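here is the input, now give the coordinates:
(chains A, B, C, D, E, F and G)
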Amino acid sequence: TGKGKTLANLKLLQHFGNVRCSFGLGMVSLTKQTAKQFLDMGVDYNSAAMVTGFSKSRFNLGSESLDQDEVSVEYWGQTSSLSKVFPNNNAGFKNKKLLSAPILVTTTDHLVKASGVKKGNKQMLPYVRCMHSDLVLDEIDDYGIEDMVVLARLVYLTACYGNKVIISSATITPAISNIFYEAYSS
Amino acid sequence: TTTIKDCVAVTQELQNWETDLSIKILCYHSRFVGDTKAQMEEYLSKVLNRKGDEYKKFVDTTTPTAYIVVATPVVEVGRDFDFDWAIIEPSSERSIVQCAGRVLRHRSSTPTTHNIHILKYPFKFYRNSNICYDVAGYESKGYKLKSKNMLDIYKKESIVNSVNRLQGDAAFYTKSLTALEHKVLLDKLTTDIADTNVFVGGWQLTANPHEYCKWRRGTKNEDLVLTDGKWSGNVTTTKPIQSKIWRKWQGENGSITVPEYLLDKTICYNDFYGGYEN
Amino acid sequence: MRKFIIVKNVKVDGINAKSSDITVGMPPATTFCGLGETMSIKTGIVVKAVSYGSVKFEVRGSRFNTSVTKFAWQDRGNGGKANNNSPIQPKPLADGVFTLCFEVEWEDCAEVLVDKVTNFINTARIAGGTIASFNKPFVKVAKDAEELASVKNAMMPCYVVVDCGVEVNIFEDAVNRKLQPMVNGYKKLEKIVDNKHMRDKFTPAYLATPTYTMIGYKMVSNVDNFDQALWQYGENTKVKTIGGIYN
Amino acid sequence: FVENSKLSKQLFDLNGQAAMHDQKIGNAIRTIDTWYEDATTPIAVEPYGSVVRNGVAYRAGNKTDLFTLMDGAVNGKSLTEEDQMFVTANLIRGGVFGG
RNA sequence: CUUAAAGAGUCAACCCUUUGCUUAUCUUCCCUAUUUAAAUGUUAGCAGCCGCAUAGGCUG
DNA sequence: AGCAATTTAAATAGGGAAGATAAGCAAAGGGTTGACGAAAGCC
DNA sequence: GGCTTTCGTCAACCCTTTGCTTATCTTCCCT
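Numbering: from 1, shown residues only, chains lettered A, B, ... in the order given. Next comes the structure:
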């Protein structure tokens, strides 16, 4: 920690060319931190899309003009061609930010539904998202055991279409690193 | 510490603790109202930032003071905090490594004697001596430690880093915490398909990997909501001990997440420490 | 990867409590291993191990003497003596509510496995006792060790048998370390040359003296490893636990 | 005398009406003992000359308690009129004097 | 195919009687419950008289 | 036709008495539960 | 030539007066 892991992940993604990735992170505030790093280093909202699907009421006080912080939800971005095959032209704000994002800095639960769902059509949007985009999962050790199982299911599904999985965990256990490699290998 | 009532027990003991030290106590668990919780976060991020000396102005560093933050595993995940020292209630070894990462995270000065004091037992030993590390840990009913003594299951003096988690040991998992951790990790995330496993094949066709392997599997979790100072369910606001509280932010809106088990009794929300059993 | 079927609250009465000459009380693991191989024969589901626990168990009699059974004049040629009371050979009787858990390997649905075990148990006889009642058996699987403990805790409430081993002999340690002795198998003495008065004429027969191991009763949830409660036929003409000696 | 009563001072309320104990009165009847050693004020007639308030017994440890004078009188030791009157006063006060 | 296989414990009853737990107790002192304030919400849905009306209108 | 306010503190202490006794009877049953060996009629 | 019935044969104690174990419970997290 403290060495700039997420910046190194973006560097590794950009080494192969232009970036198309889903930064799936635990917690809302860690996604906010990675979004703020992406904003102040080089990434605008035409490429980045911070997705936290709860609409929290945590606002910044003191000075709105002198903030230079509090990464928000606008996504000027670019609507992908996949929105025409989704129901009713995808959706409003949230699913447009999901599907059409080049870089999707999101909470992870908007990506683990790609592996499948009980009832409804909630699988298709993260499925089609992870089909054409890379997957970057940071500090996977903080998740639960079943959470890590479904995250490696997501890694297997992402590798099923040739995309690249970046795992960023310092305290990795050989077991975890191995089963994530075996999911990527399958 | 491990859980919320453990945190308020450590807080209520330390507040009533007579000493010459100027203890200033904070509670940092997850059961808090929208406003109060967010306020704790921003304050803690701006006082524990030790890459510069900007914090000297967010706390009273003029007077010798012990600024103590009693927290649950919400501090060891995703927090850019830098403490001078930590006292850890043992639940898992990755908790030890992460709370080591909350001490001297921003500085580079080496400690001289000892900067982490690990407790002898988790507090669930006095409540359940059969199993005590299952809360926020990989101990469970199928993987039981033979002894719960941390002299038996951990090194008495140890340089805590990622090395013990990085190495990986499957032998002697019943009397060491690290090998207990590694055992569970290879016995649940295995190269099989099972039904709740990771290579799942044949079952993707079925609804089984989405029912028996539930993402964010938590307890029932109902949400008692504070509406403008007036609580919804069986909450009953209370008064904290006002002995050593350094900072206490008030809250009026927001919601608290209470497990259905603790819904039976009053969660007794308080401005200083959120939920407990009283 | 392990599969189990549990029959909970098996109320059985008329149990032949005479486990051996020096043990009267709970039937040993040879009895329940014999019950397991009996279903391996009638139902065809081949059983590796059985973990059995005692919910309730009372030996019929006082605290120092068992209630003997009033014998019936059933031998041939002793008519004329039939008006008097038949002589009593020692066979203590007991009642017991048990919980059984059979390690099976099965390839069909759980409903036909439950039906086969139910059809066996309806015609079974625990330790010479008529099965008075039993709950509907349920199938549970032990994929991992936490799942093994799930099966373990599904036998609640019952006191399972864990093996604690023989140090010197049976009487000494039963007083000293206070553990219970039971038949873990038998010792072969002589080959039997007369197969006329036996069940089969082709199955080889031996006179046997029961070997005993020393065991303890622990509640199934307090048992750390479920393999230390699953008894199975060992290859020493004895029975043994999968987990070995309980420590 | 009260303990767990959530009320600091009770009063003897005979059916609500304020009253004082009979023992309070009867102690004030037998406050006639002016015949102990440091005899300045009358104290209550007790086998030891004991008062709860002053924390001292005026007839203890100095061979003028009721038990030694009772043993003496019984044996034959002529009791002085004041000692005799003290022993008689404790007898009409009452109490177990055995042991 | 489980120390497998098998077995009716039956019966009967008088616990009696007797009794002295008495004795004496000082609960007692102490003291600030203090300071506020719009009841608003139309706050009333009436009295006659024009009429067959307990339909509908008028009068203040 | 619902609206009923907030904090603050709930007493320190001294005592819970010993001396006596705590019955003596008389009962408390056995009745069946025996397998080998040896004469001795009997197919 | 067994075979089944009934009668005769051979014995002799030192007892002790409940526990065995003791039940399958919430941290993160975001939706």
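
just list whatever residues bridge to residue C:217.
residue C:161 (DSSP bridges).

what's near enough to touch it?
By Cβ atoms under 8 Å, 6 or more residues apart in numbering or on different chains, the residues touching residue C:217 are C:54, C:159-162, C:180. The way it works is simple: take the backbone N, C-alpha and C, and place the C-beta from them, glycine included.

which of the residues you listed ranks first by neighbour count?
Using other Cβ atoms under 10 Å in any protein chain shown as the neighbour criterion, residue C:161 leads the contacts of residue C:217 with 28 neighbours.

could you count how many residues lie near the residue of chain B found nearest chain C?
Per Cβ to the nearest Cβ, the residue of chain B with the smallest distance to chain C is residue B:142, at 3.2 Å. Using other Cβ under 10 Å, residue B:142 has 23 neighbouring residues.

can you tell me the closest non-neighbouring residue to it?
residue C:146 (3.2 Å; Cβ to Cβ, 6 or more residues apart in numbering or on different chains).

the residue of chain B closest to chain C reaches residue C:151, doesn't it?
No: at 10.0 Å, residue B:142 does not count as touching residue C:151 under the criterion of Cβ atoms under 8 Å.

so the residue lying farthest from the centre of chain A is in which element?
Going by Cα atoms, centre = their mean, the residue of chain A most distant from its centre is residue A:62, 30.6 Å out. If you go by DSSP states H and E, residue A:62 is not part of any helix or strand.

list phi and psi for it.
Phi and psi for residue A:62, reported as degrees, to the nearest 10, are phi 90, psi -70.

how much space separates it from RNA strand E?
Per Cβ to the nearest atom of the strand, to the nearest Å, residue A:62 is found 33 Å from RNA strand E.

what residues are up against the residue of chain A found nearest chain C?
Of all residues in chain A, the one sitting closest to chain C is residue A:145 (9.6 Å; Cβ to the nearest Cβ). Contacts here follow Cβ under 8 Å, 6+ apart; on that basis residue A:145 touches B:138, B:184-185, B:188-189.

and which of those residues is nearest DNA strand G?
Each of the contacts of residue A:145 was checked against DNA strand G using Cβ to the nearest atom of the strand; the closest is residue B:138, at 9.5 Å.

find the nearest non-adjacent residue to the closest one, please.
residue B:184 (4.3 Å).

from residue B:141, how far off is that neighbour?
Taking Cβ to Cβ, to the nearest Å as the measure, residue B:184 falls 12 Å from residue B:141.

partner residues bridging residue 50?
Just going to use chain A. residue A:105.

not what I meant, chain D
Under the criterion used (DSSP bridges), residue D:50 bridges to residue D:57.

can you tell me how far residue C:192 is from residue D:93?
From residue C:192 to residue D:93 the distance is 99 Å (Cβ to Cβ).

how about the residues of chain C near RNA strand E?
C:14, C:16, C:18-21, C:27-28, C:30-32, C:34-35, C:37-38, C:41-42, C:69-74, C:85-86, C:89, C:91, C:124-128, C:183, C:199, C:209-210 (Cβ under 7 Å from any atom of the strand).

so residue C:114 sits against residue C:136, correct?
Yes: contact status for residue C:114 versus residue C:136: in contact at 6.9 Å, counting by Cβ under 8 Å.

show me which of those two is the more surrounded one.
Neighbour count, other Cβ under 10 Å: between residue C:114 and residue C:136, residue C:114 has more, with 16 against 10.

ok, residues contacting the strand or helix carrying that one?
Element membership for residue C:114, per DSSP H and E: helix C:110-121. Helix C:110-121 is contacted by residues C:5, C:7, C:10, C:38-39, C:42-45, C:102, C:104, C:106, C:131, C:134, C:136-139 when judged by Cβ under 8 Å, 6+ apart.

show me how to select, in ChimeraX, the buried members of these.
The following ChimeraX line selects those of the contacts of helix C:110-121 that are buried, judged by 16 or more other Cβ atoms under 10 Å in any protein chain shown:
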select /C:5,7,10,39,43,45,102,104,131,134,137,139
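
what about the contacts of helix C:110-121, which are in helices?
C:38-39, C:42 (DSSP state H).

same list (the residues you listed) but as JSON lines, adding distance to residue C:246.
Formatted as JSON lines, those follow (distance: Cβ to Cβ, whole Å):
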{"residue": "C:38", "distance to residue C:246": "26"}
{"residue": "C:39", "distance to residue C:246": "26"}
{"residue": "C:42", "distance to residue C:246": "32"}
